[PDB]
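Colleague: Supplied in structure tokens, the structure appears directly below.
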Amino acid sequence: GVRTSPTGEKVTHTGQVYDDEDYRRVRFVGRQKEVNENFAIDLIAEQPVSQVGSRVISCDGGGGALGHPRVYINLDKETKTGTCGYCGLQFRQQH
Amino acid sequence: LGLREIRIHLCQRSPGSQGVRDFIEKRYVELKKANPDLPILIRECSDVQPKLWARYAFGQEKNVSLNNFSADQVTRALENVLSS
Amino acid sequence: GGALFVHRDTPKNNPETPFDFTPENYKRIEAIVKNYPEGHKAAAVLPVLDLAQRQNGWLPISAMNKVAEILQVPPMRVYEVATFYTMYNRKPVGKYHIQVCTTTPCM
Amino acid sequence: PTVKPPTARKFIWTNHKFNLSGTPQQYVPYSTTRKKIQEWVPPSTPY
Amino acid sequence: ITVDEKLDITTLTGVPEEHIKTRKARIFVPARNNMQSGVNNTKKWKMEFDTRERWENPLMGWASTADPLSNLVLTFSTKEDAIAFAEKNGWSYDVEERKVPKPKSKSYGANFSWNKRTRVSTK
Amino acid sequence: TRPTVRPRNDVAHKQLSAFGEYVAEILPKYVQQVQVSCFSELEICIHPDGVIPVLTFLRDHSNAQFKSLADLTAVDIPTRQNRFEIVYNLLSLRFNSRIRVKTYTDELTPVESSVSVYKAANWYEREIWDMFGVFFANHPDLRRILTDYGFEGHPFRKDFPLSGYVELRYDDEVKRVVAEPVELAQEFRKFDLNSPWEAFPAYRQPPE
Amino acid sequence: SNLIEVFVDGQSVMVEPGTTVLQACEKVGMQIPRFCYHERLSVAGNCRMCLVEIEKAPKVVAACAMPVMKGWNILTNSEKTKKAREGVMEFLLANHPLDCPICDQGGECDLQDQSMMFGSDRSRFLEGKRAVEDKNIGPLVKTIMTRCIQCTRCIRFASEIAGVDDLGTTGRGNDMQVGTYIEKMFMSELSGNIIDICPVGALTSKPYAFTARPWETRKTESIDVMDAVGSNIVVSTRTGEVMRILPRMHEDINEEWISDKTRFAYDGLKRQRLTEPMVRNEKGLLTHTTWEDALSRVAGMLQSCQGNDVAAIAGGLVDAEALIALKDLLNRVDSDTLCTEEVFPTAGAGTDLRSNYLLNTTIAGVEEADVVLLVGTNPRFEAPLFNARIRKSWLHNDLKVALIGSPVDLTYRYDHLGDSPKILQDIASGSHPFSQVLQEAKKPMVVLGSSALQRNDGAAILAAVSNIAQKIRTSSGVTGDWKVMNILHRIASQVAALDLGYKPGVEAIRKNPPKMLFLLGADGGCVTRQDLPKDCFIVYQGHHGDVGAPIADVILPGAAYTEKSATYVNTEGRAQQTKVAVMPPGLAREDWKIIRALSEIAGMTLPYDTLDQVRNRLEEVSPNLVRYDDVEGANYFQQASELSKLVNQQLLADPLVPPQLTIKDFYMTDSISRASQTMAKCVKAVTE
Amino acid sequence: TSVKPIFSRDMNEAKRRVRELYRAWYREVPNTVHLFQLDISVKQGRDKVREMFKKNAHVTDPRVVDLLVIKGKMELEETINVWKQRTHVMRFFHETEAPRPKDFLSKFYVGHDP
Amino acid sequence: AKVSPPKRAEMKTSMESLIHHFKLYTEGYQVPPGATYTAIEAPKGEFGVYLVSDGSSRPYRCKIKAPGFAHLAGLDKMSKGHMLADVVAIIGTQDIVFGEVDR
Amino acid sequence: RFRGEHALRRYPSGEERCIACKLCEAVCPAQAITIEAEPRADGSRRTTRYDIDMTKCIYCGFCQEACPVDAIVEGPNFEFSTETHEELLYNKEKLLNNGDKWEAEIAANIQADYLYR
Ligand code: SF4
Ligand code: SF4
Ligand code: SF4
Ligand code: SF4
Ligand code: FES
Ligand SMILES: [Zn+2]
């Protein structure tokens, strides 16, 4: 159920939508314009905010040897959610 | 008349350079006091053949060589171009 | 670092928070500054800021900026000195500050 | 697969449809990103 | 051998098409990428060419050209070899002069000096 | 240095040094520089004359044989007063050794007919002509190997870009394959992979 | 004689008494791996990667700050050294994040380079890896401080060169954060340059962001606009776009530094750009059309129109070439009313005699200057780089700087002589304030900014300043061959422009209303359809015109500087040529070729088709403009002095002000900047 | 300046050999154009031959001249035989090269700095 | 670690392994300058590459040696004495691949 | 370890595992890849246009080794025979949808062989 152009094109998770003037749109006549129906960003806000009672924590991003490499993120500032640079799934220190 | 502008080119060190430099030193200031509007102009090193230019009348121009001429010869030359 | 008692920043709450020296205390600060050769006068940042923590149990950032003003030095040096040394507490404490040596033959 | 099951993730296709070559359903490649230089426009008000 | 001593400038017509007339060639010593500090990229003269237009391919948008000579680079030891290969190989050139760091005097003690205006705050 | 490193032998080093030195003693005319790679492969530099005499020697003399020519090649180096290094690489059958013979030429100066020693040089020389353009005096034949008949420009030399100056295609106009100035769909993206810092301190040259 | 023999690997080299170790090894080709040391920044012992062994000496010495006595033998590859380097590299890599995939400098950062080419191949120390709270600073500088190696570069730069003094370190041991303690925004001219100095990915470019990657991009030599310093930049291009622009080392100008506005203007390079020629249809709207159709329309009106009633005025950013082209086109018609946007007073023959016409003492001389006063201007903003070298001199070799005409904020704490041209006039008189220092000065300098000269007092102020240079230079002021009087500029094109004979000021147009007007990148509102009477038929030729394009009767989308390979002139007279980065968007032909085509359709043809012939006649105007990155000193200052003393113009009472004040006027000025959303973002970030 | 000249010491014998070569071509133009069944008139083909000679006419160094002659006798040595199909012999002619505007305001009108 | 990439377990979790990974892919290991000729026994006979390395990441000039490029040049003499129907077998007998010969 | 077609992968709770770090493009021996990465709304970085020419692609496996996070992996499935030279060029989008079509497949392979790499 992606946001749909006035033409009927389905814009993408980086909006590529062609303009009514552009001739190139004709290449979609009779054949489907393919886009992944499941956006990425929409699954980031899907995730809960993990909380740790420690000060500084790790993310393997899904377990050892499969995932992104280790990085320790600093949760010191609690007025924002410290985010992993690979996954994007937030962390906080509980109160 | 007709002269729109007059151009000169010298160099820093060479015989023609010293000659027409002397010309500019003594003669120039009064030459410009004579005619305010004609935009005579001066530039820097052209290694040899310092010469000069004069532009006027729908782009028409004339090209004379100043190579190692006396400040006298330069004087009567520019007075020739200006006079016309 | 990962292991720390408290971080070092000013997040909030004391931009303008009032701090003023006492006139006799200005006399004192003048006496201190007289102990350094002229052309420097920045050497007094540490003793004067000491004094600030002395009359006010803990120094707000307005005290740091204020000392920087008194000595006409760039404040970042004042913050720097305030953080680098142990004596200065940048957060309020009680009237009595208890300190024990846990390291070595005391340990 | 039944004795050792798949991980059953949520975003995987539940169809796995055929082979799209030919037919009105077919993959057509095309440019991504967004325009380039954002051409200027004149004002609609004369003078 | 009958060496047959001969004097003329060497030119070559046994090489590619009319690009020789139009394009000017560039000689330089590439200045260090500033966002790194180190000189080993430098020390070797290079030759690259006047660039030419590139467009967005309507199917994809990769850049594309007719500029067969676009991507060449030729490393030379000394400028005399650059002008030599340019002359000999037949197409016009333009030279840029080499530049170097200017010798400096840094005395650590000058950080702390008594009356001199230079003094390092924070060090 | 024991693990992970190739163990190097000084036996072959001393031997090959002795042999190259020997060649230098016996052929003062043509010999210029005789060096030994620290991985022990003897390499001899030769003025672009004695190729025929030097190789006639290295095929005979009974204290060296080199009955087999390994490979003939060349390297296009600008920056040099002579662009090319004609590299003769020989195989000693009797002694278990290989030595290299380097000679040079510019574009116009030919190298003369190495065929008369080694038959194997027959095609290597032609391939060099077509792909480089070093002319070979009184070769029994000269033709094109590895390139099109109507093709031109001696591709391997760095003056010649990666792609050509032409392409092929077909169109119902002329009912024949034609040529058009090269046009790429993709630019051939260029990369600068050369990092600073001189990873290797030994090979450095004196700055001036 | 004041030279010292010191061995390197047994190879002697003669060096100066007190050059450092690292320099002594530079001389023979050794580059000792390093971090905190930098050519423009004072020495510190922080990085510790510079360690090198000297034989006979038990301890390893740091090559950065160690002076060289006689007879040191410096062994670079001695085992002890290599072990030291492996050690230091290991301790650095101890606490570092793994950001190389996400990190922006991955193709560059010196930890990777020196890590491979020096340090050990395998790490140790499992439990560890401290982290640091990241700190937002500016809109320009994206900041991740976890990657910081705490090498003190950014500090020393901000302090000494930038002069802001707002960066420092707070902490001990593992925990030391480098940056503002109060979370204040740090923004200044030259501030952006800090992202080049940070050796690791700790600091990086916010707008350049994640877009590109070093090995993929094709570097291209180029020059700068928007500043009369003739700054010297290298555009980083990727597959037909401009990713970012890097300062490169030039010794007389920029050093390695660059202005900020330049650095971040590339975003404004492409926003509103004009890709099509446009013609106003009788309906009352401006639409586009075939290129040669518009050329035929303008060609027509120019055919039927002649006499002084036709005009052209250029300004802002234009090459020398197209200035020649238009010059010989309208000269090829009838007469020249041709002008520029600035008013440069011509009474005492300012147009010629380039001695008074530009800044004749190149910046390599300001480091040899002693006493420099300053008439009204804001060098902090106008020509920022120039201010940078001012602070460099003032820093190292002592100076006394006097400012005249307005209190402003400069980093280096100038003397303020007050505000009045009467003060200047009274400096020409023997009145007490200052003016004895000048008599006592060895090599002085006086700089007149063109902006404060734009006032109707221009010839008067210039006259008084020339009087200053007279009373100095005549008797005890001249120390030999040397120059004093000079002027610096804002808009980059004007110097070559007036070198070509253009009459500065818009005055001529206001005197003689044209029936045709040509515009090359002129957004100055001094000329309006309001001024030009009735039916104007004015032609705007430029790139992404915001101003005057709404007034434009005809559009000729001339190319910008990164596209055309053009010629520019810094305020000192160094001719510098730009080179092509990416060919222009849409149609957008080069300027002088547009004027050329216009000529060939006109009943008069310019005598050339090609850039080489172009630059040939360019030499036939002035010879200097074909000599590149080479400045040559002029002469004949005195003659211009007596030409100045000839006319009397009273000095108005209005106290001057630099048109730029504080930081808010630094960005959106210069009319390419008004494109970039970046400059808008930093502006409204400062206004908060 | 030393040299090892190839087949000729001076430009004289060079001019001689190129005269020879042009004789050969002017011999074998009809036999080829009839041989691969080209559509060109012999006159036209010959004119393109002499054109291709005239293109290089400005050369001086007889080393270069002699080398070019080697090129010529080489290509002619391929056309005298069948080794080259109808394709390339036509490829000397340019039918499918679109006409390139050589006049300025047409070039400017399109090519944007060719 | 600087010649060949580390395995992923060491790649992750360890810094220097990561760096040498990243650079060893982007730039690739640098090879000191030198000229080598190596020869092995390949099923078509002696095969070899002559490497020429500027001190750099990339190679510079490397000409392989195709045994077929030699053996093929021998058909002139070898086939001189037998009619074409066995010139078939003359070509096919010496192991040859026209993908290797050309290069 | 077999090498099929070029599926992109994502984390559990799919993040578009690709970081944009350009490596897979940098080691491509056919040079055929394209990556242009604009930081998106969240501030994290992904790719705008990630492309492949399966024509040019030699099916090395290098882009499978170089990816630090194992974003791109050579698929098990060889499913091909397109009717046009157009259809063999892949957008980031087609590679995603290829990744969604089978993962637990690729998850089984990677989970099997990651001990070897
Ligand atoms: S700062 Fe350097 S070593 Fe650290 S992640 Fe960035 S590129 Fe890698
Ligand atoms: S922020 Fe960068 S320049 Fe400053 S100390 Fe850290 S690593 Fe050095
Ligand atoms: S397998 Fe294909 S995409 Fe991957 S590196 Fe090789 S050619 Fe490039
Ligand atoms: S190597 Fe992996 S994370 Fe990096 S750009 Fe390629 S697919 Fe994306
Ligand atoms: S340069 Fe000597 S410590 Fe960094
Ligand atoms: Zn994560």
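Letters A, B, ... go to the chains of the structure tokens in the order shown; residues in each chain start at 1; ligands are counted from 1 in the same order.
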Specify as a ChimeraX atom specification all residues of chain D found within 8 Å of chain J, counting only C-alpha atoms.
Modeller: /D:6-9,11-13,16,19,21-22,27-33
Colleague: Considering only C-alpha atoms, return as a ChimeraX atom specification whatever protein or nucleic-acid residues lie within 10 Å of region 31-44 of chain E, sequence-local ones (same chain, fewer than 6 positions apart) excluded.
Modeller: /E:74-79,98-100 /F:194-199,207-208 /G:29,31-35,37-39,105,107-110,113,193-200,214,219,221,234,246-250,256-257
Colleague: Which residues, written as a tab-separated table (two decimals) with N, CA and C atoms, in the first residue's frame, have at least one atom at most 12 Å from residue 70 (chain E), with only C-alpha atoms counted and residues fewer than 4 positions away on the same chain left out?
Modeller:
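The resulting out06.tsv:
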chain	number	residue	atom	x	y	z
E	19	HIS	N	41.29	13.70	-33.17
E	19	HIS	CA	41.38	14.25	-31.82
E	19	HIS	C	42.66	15.05	-31.61
E	23	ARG	N	42.05	18.58	-29.12
E	23	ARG	CA	42.29	18.54	-27.68
E	23	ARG	C	43.67	19.03	-27.31
E	24	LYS	N	43.73	19.81	-26.24
E	24	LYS	CA	44.99	20.20	-25.62
E	24	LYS	C	45.29	19.26	-24.47
E	25	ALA	N	46.57	18.96	-24.28
E	25	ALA	CA	47.02	18.07	-23.22
E	25	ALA	C	47.55	18.88	-22.06
E	26	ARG	N	47.37	18.35	-20.86
E	26	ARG	CA	47.77	19.02	-19.64
E	26	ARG	C	48.92	18.29	-18.96
E	47	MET	N	50.20	13.30	-17.13
E	47	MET	CA	49.57	13.89	-18.30
E	47	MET	C	48.12	13.43	-18.35
E	48	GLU	N	47.19	14.37	-18.26
E	48	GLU	CA	45.78	14.09	-18.46
E	48	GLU	C	45.23	15.11	-19.44
E	49	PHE	N	44.01	14.86	-19.90
E	49	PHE	CA	43.46	15.57	-21.05
E	49	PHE	C	42.28	16.42	-20.65
E	50	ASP	N	42.02	17.44	-21.47
E	50	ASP	CA	40.81	18.22	-21.35
E	50	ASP	C	39.61	17.30	-21.33
E	51	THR	N	38.75	17.46	-20.34
E	51	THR	CA	37.62	16.56	-20.21
E	51	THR	C	36.52	16.95	-21.19
E	52	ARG	N	35.48	16.12	-21.25
E	52	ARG	CA	34.39	16.35	-22.19
E	52	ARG	C	33.07	15.91	-21.56
E	53	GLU	N	31.98	16.26	-22.23
E	53	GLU	CA	30.65	16.17	-21.67
E	53	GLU	C	30.27	14.73	-21.35
E	54	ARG	N	29.35	14.60	-20.41
E	54	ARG	CA	28.82	13.32	-19.96
E	54	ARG	C	27.36	13.53	-19.62
E	64	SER	N	28.26	8.80	-19.70
E	64	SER	CA	28.68	8.22	-20.96
E	64	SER	C	29.27	9.30	-21.84
E	65	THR	N	30.13	8.89	-22.76
E	65	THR	CA	30.82	9.85	-23.61
E	65	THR	C	31.31	9.17	-24.87
E	66	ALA	N	31.65	9.98	-25.86
E	66	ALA	CA	32.71	9.63	-26.79
E	66	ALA	C	33.88	10.49	-26.37
F	159	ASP	N	49.73	5.04	-25.31
F	159	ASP	CA	49.08	6.09	-26.09
F	159	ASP	C	47.68	5.69	-26.51
F	160	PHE	N	47.40	4.39	-26.51
F	160	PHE	CA	46.14	3.86	-26.99
F	160	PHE	C	45.23	3.60	-25.81
F	161	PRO	N	44.07	4.22	-25.73
F	161	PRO	CA	43.21	4.07	-24.55
F	161	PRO	C	42.68	2.65	-24.44
F	162	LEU	N	42.13	2.36	-23.26
F	162	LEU	CA	41.54	1.05	-23.00
F	162	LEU	C	40.64	0.63	-24.15
F	163	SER	N	39.53	1.33	-24.34
F	163	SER	CA	38.72	1.02	-25.49
F	163	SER	C	39.41	1.52	-26.76
F	184	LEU	N	30.52	4.51	-25.40
F	184	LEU	CA	30.27	3.58	-24.32
F	184	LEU	C	28.94	3.90	-23.65
F	187	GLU	N	30.75	4.91	-18.53
F	187	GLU	CA	31.93	5.73	-18.73
F	187	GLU	C	33.24	4.99	-18.55
F	188	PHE	N	33.22	3.74	-18.09
F	188	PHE	CA	34.40	3.10	-17.53
F	188	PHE	C	34.90	3.94	-16.36
F	189	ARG	N	34.21	3.85	-15.23
F	189	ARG	CA	34.58	4.62	-14.06
F	189	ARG	C	36.05	4.43	-13.73
F	190	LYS	N	36.73	5.53	-13.43
F	190	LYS	CA	38.15	5.53	-13.15
F	190	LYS	C	38.38	5.57	-11.65
G	218	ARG	N	37.26	11.83	-9.39
G	218	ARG	CA	38.32	12.30	-10.27
G	218	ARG	C	38.66	13.74	-9.90
G	239	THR	N	31.63	10.99	-11.74
G	239	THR	CA	30.77	10.53	-12.83
G	239	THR	C	29.87	11.65	-13.36
Colleague: Collect all residues with atoms no farther than 6 Å from ligand 6, counting only C-alpha atoms and all ligand atoms, and output them as a list in words.
Modeller: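 Counting only C-alpha atoms and all ligand atoms, the residues within 6 Å of ligand 6 come out as residues 59, 60, 61, 84, 86 and 87 of chain A.
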Colleague: Using only C-alpha atoms, which residues sit within 8 Å of residue 73 (chain J) once same-chain residues fewer than 4 positions away are excluded, as a list in words?
Modeller: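 So, after excluding close chain neighbours, the residues are residues 6, 7, 8, 9, 63, 64 and 106 of chain J.
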Colleague: Select the residues contacting ligand 1 at a distance of at most 7 Å, based on only C-alpha atoms and all ligand atoms, then format the selection as a ChimeraX atom specification.
Modeller: /G:96-100,103-106,108-112,147,200-202 /I:19
Colleague: Can I get the residues close to ligand 4 as number ranges by chain, where close means within 10 Å and we count only C-alpha atoms and all ligand atoms?
Modeller: A: 68, 86; G: 101-102; I: 22; J: 7-9, 16-27, 33-37, 46-47, 50, 62-73
Colleague: Name each residue within 10 Å of ligand 2, counting only C-alpha atoms and all ligand atoms, as a count of residues only.
Modeller: 38
Colleague: Please provide as a PyMOL selection string all residues within 10 Å of residue 53 (chain H), with the sequence filter that same-chain residues fewer than 3 positions apart are discarded (counting only C-alpha atoms).
Modeller: chain H and resi 18+22+47-50+56-57+72
Colleague: Could you save those same residues with C-alpha atoms as a PDB file, in the first residue's frame?
Modeller:
ATOM      1  CA  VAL H  18      55.841   5.582 -52.304  1.00  0.00           C
ATOM      2  CA  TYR H  22      50.782   4.037 -55.476  1.00  0.00           C
ATOM      3  CA  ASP H  47      40.066   8.830 -55.910  1.00  0.00           C
ATOM      4  CA  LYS H  48      39.757   7.666 -52.310  1.00  0.00           C
ATOM      5  CA  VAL H  49      43.122   5.910 -52.645  1.00  0.00           C
ATOM      6  CA  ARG H  50      44.937   9.018 -53.832  1.00  0.00           C
ATOM      7  CA  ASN H  56      49.815  12.209 -45.085  1.00  0.00           C
ATOM      8  CA  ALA H  57      51.550  14.299 -47.758  1.00  0.00           C
ATOM      9  CA  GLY H  72      50.760   0.494 -47.128  1.00  0.00           C
TER      10      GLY H  72
END
Colleague: What lies within 10 Å of residue 70 (chain H) using only C-alpha atoms, ignoring chain neighbours under 3 positions off, as a VMD selection string?
Modeller: (chain F and resid 135 142) or (chain H and resid 7 17 to 18 21 64 to 67 73 to 76)
Colleague: Could the residues of chain C within 10 Å of chain E, counting only C-alpha atoms, be given as a ChimeraX atom specification, please?
Modeller: /C:39-40,73-74,76-77,80-81
Colleague: Pull N, CA and C atoms from the residues just selected and write them as an mmCIF file, in the first residue's frame.
Modeller:
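Dumped to part36.cif:
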data_model
loop_
_atom_site.group_PDB
_atom_site.id
_atom_site.type_symbol
_atom_site.label_atom_id
_atom_site.label_comp_id
_atom_site.auth_asym_id
_atom_site.auth_seq_id
_atom_site.Cartn_x
_atom_site.Cartn_y
_atom_site.Cartn_z
ATOM 1 N N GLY C 39 51.751 41.139 32.167
ATOM 2 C CA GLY C 39 51.788 40.495 30.877
ATOM 3 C C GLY C 39 51.287 39.071 30.857
ATOM 4 N N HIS C 40 50.980 38.483 32.011
ATOM 5 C CA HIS C 40 50.389 37.153 32.022
ATOM 6 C C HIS C 40 49.012 37.184 32.659
ATOM 7 N N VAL C 73 40.278 36.326 30.101
ATOM 8 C CA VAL C 73 40.875 35.204 29.388
ATOM 9 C C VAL C 73 39.761 34.474 28.650
ATOM 10 N N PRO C 74 40.053 33.786 27.553
ATOM 11 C CA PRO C 74 39.018 33.023 26.863
ATOM 12 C C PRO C 74 38.438 31.967 27.782
ATOM 13 N N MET C 76 37.087 29.105 27.510
ATOM 14 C CA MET C 76 37.342 27.685 27.305
ATOM 15 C C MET C 76 38.528 27.208 28.129
ATOM 16 N N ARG C 77 39.488 28.093 28.395
ATOM 17 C CA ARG C 77 40.568 27.754 29.312
ATOM 18 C C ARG C 77 40.040 27.588 30.728
ATOM 19 N N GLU C 80 38.255 24.279 30.848
ATOM 20 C CA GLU C 80 39.318 23.289 30.797
ATOM 21 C C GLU C 80 39.933 23.069 32.173
ATOM 22 N N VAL C 81 40.386 24.149 32.808
ATOM 23 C CA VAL C 81 40.990 24.029 34.130
ATOM 24 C C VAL C 81 39.990 23.459 35.122
#
